[PDB]
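Only one chain comes next, encoded as structure tokens, the form deposited without the ligand.
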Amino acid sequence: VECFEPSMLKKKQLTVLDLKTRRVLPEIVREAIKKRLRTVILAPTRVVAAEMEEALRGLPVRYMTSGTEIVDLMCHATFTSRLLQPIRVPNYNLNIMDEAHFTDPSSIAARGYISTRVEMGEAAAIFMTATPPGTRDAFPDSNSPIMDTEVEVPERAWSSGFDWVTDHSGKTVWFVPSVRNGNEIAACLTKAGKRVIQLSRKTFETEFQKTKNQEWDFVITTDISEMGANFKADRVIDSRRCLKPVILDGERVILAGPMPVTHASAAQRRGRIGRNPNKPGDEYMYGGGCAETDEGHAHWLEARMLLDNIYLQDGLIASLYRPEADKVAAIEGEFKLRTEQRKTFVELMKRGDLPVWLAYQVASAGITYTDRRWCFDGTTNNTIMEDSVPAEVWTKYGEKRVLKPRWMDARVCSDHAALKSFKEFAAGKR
């Protein structure tokens, strides 16, 4: 609940610790070592993993990010990846997930595996988050009072009518629905004389350090900053919008929206500020309402794809964490692959860096990892565009062909670097 007690470490217990790194995590870790409980600590990002190392200095933690530790620490994604691969992973007696609201498929699957293990009676778990899966509170308490204001927020370059944006003399974190959208606002700001840092999923791990090392006026970020990113800011501007990956007719993935964020997302975005007890009056400006946009969101179907392929016990398939389990319509076990296709599936996701859903379509079709023929033999309306002309690649055979994947997932080309990565894939370069 609000305070940790040693009883939470008992098998069969699952606790949502709302709302840390603190001396709280070290407290938990000390209690776990004293009880000789084999423990995992799951961090959302490497940035958070490094922060954790700092707080846990002196404690026997194996950082998978003496030689003899009984506490392991790794990223959410790493845990789930190790589960899916042939790799032996301990049946941890205690599972600690930090920023346990993370809606990445790997994170959802991890919650599912972990929560099933506690239901079986095999482990305990602690899910640490200010915004539990399921929450409807966009305005949770904070360390210091926040001034909340509903206002029209620009989503395109502007010149007049938004003076409050540029008249501010402090530091602002501005949440946008997409990289491309952030690029436009960033350009507008920079033209206006501001110093801007941009953050997204693919750049976060390396670019977040700029917020410490460089002067800045605005951070333009996608939803990746909802996962414990700490800024020394006094204002958040929140579009209150996101893109929603959606599977259409079981045959394609589109990026729907922009559309309203969940209450959890809004709460996390706002929670970037109001954090300093000695600094009341941080500002949260928000530009729309919330909605349950995690319903029918592809990430929870992708989570099922992952979990269907993780062994737990003969004949058993882990269920999603119950508060999240209605976000997807699927039959448990429907995505279970046989050993060789599973291996292909994993390789497409890791080395291939393909979205889960796409990796599944390819693997389930009996295509081997290196066989890229599918990247070119799709229908005309699957052609991927580059600067409003069909995108082209040289195949590993040396033939120039139009990128036209058999299965279309919009995430493969939603911004320049995504397209650059998929073109390299289609070319057989990884």
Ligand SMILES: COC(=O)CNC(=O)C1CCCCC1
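In this text, the rigid core denotes the largest set of C-alpha atoms whose superposition between the two forms falls within 1.5 Å. Sequential numbering from 1, following the sequence displayed.
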When the rigid core is fixed in 7 other deposited structures of this protein, C-alphas move more for 206 to 214 or 76 to 84; answer is 206 to 214
Which segment is farther from the shown form on average in 7 other deposited structures of this protein after a rigid core fit, 67 to 75 or 137 to 145, going by CA atoms?
67 to 75
Length class of the unmodelled deposited segment, which would lie between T65 and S66:
4 to 9
According to the entry, are there none, 1 to 3, 4 to 9, or 10 or more residues of the deposited sequence without coordinates between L19 and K20?
4 to 9
Mean C-alpha B-factor comparison - 393 to 401 and 56 to 64, higher one
56 to 64
On average, are the C-alpha B-factors higher in 402 to 410 or in 5 to 13?
5 to 13
From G121, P154, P245, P260, the top C-alpha temperature factor is at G121
Top Cα B factor in the deposited entry, candidates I126, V176, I87, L358:
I87
Could you place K336 in the lowest, middle or highest third of its chain by Cα temperature factor, using the values in the record?
middle
Looking at the entry's B-factor column for C-alpha atoms only, identify whether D314 ranks in the lowest, middle or highest third of its chain.
highest
When the deposited Cα B-factors of this chain's modelled residues are ordered and cut into thirds, is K202 in the lowest, the middle or the highest one?
highest
For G352, does the deposited CA B-factor place it in the lowest, middle or highest third of the chain?
lowest
By the record's CA B-factor, is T45 among the lowest, middle or highest third of residues in the chain?
middle
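Not pictured, yet referred to below: the form solved in complex with the ligand.
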For the ligand-free chain shown, place the ligand by superposition of the C-alphas around its site using the coordinates in the entry with it bound, and mark the site blocked if 3 or more ligand atoms sit within 2.4 Å of backbone or C-beta atoms, otherwise open.
open
Report the residue, out of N309, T222, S106, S265, that has at least one non-hydrogen atom within 4.5 angstroms of the ligand in the entry with it bound.
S106
If you check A125, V165, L84, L199 against the ligand in the entry with it bound, which one has a heavy atom within 4.5 Å?
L84
Stretch in contact, per heavy atom within 4.5 angstroms of the ligand in the entry with it bound, of 187 to 195, 150 to 158, 350 to 358, 174 to 182:
350 to 358
